[PDB]
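What follows is a single chain, given as structure tokens, in the form deposited in one PDB entry.
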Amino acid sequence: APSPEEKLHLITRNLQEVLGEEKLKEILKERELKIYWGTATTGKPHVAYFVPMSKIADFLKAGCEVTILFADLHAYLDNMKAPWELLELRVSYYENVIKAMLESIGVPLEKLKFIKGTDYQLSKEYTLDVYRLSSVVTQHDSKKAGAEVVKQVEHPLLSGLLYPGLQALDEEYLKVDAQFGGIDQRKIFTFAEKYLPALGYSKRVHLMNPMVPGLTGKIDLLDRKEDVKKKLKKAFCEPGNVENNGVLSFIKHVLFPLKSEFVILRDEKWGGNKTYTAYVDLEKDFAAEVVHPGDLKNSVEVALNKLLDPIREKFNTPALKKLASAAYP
């Protein structure tokens, strides 16, 4: 209530790939899994963040101890997306917006830990492990590890090479069993599995989501009803096409796991509303062309405005506007 097998299924459902199944099952047989997710405090979170937030939700339902890392320094090291004062402001926008998302999807916040990188990444023992790690890692391996993650520019900065080793050490200093992120990470993840043990630390389990296409190709978490509508009307959803369909993906990765069902809103003329209890059923009806793109979008629009409603409320304070504007000028 839940058994280790129900835990495993909740944690790993919808992932593209699990590294470390063997240790993962060892742990779940005995105790709760410790896991984190990291986000560099970079650009404004948009509705696509509900994809990783839905997995965090599943981790909590499974009994996991979840940490969220606001990787402020990593934002700095990644070709200075975020500068030195103006990192701290984005940290608070990210903390606020992320907690409102999770509240909105009904995730208990109370056993979720939020930490920011500069709470621990400038400490002496951490900094010492960074040098230690620098003495066994090649520029080659460090460069290879960040290829998909750090912005690739004409003359690579030294910070870009540091970035992967810090993300690996994060696993140890957050004292987790596992890290969850997108499949893009994978080379950083495999990097951490190889080098952490050279520092005498255990390799971690790694859980990778697919790169899920976006709803519009961005819809902002604070956008008005009216802009959600207009952004959706532009959204690309081809009749009968179940590949490369950001609308269907949003349903699969966010709306189904939320209530374990999805309601298509459809006029009586075409069958009336239908409630699907599994994604594969909706997909089949869409391929068969008995769910129209316009009905699919409207069913997502309704459900998405339900998600965004609280968030827009909370952030309808003048301090939060100050924060938003200050954070992104």
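Rigid core (definition): largest C-alpha set, two forms, superposition within 1.5 Å. Numbers follow the displayed sequence, beginning with 1.
Unshown form deposited in another entry; subsequent notes refer to it.
Could you check which of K187, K229, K81, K99 shows a C-alpha shift of 2 Å or more between the shown form and the other one after a rigid core superposition?
One residue passes the 2 Å cut-off, namely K81.
Under a superposition restricted to the rigid core, does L320 display a Cα displacement of 2 angstroms or more between the shown form and the other one?
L320: C-alpha displaced by 2 Å or more between the shown form and the other one.
How does the CA gap of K113 and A82 change in the other form versus this form, closer or farther, if it moves 3 angstroms or more?
It is farther: the C-alpha separation of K113 and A82 rises by at least 3 Å in the other form.
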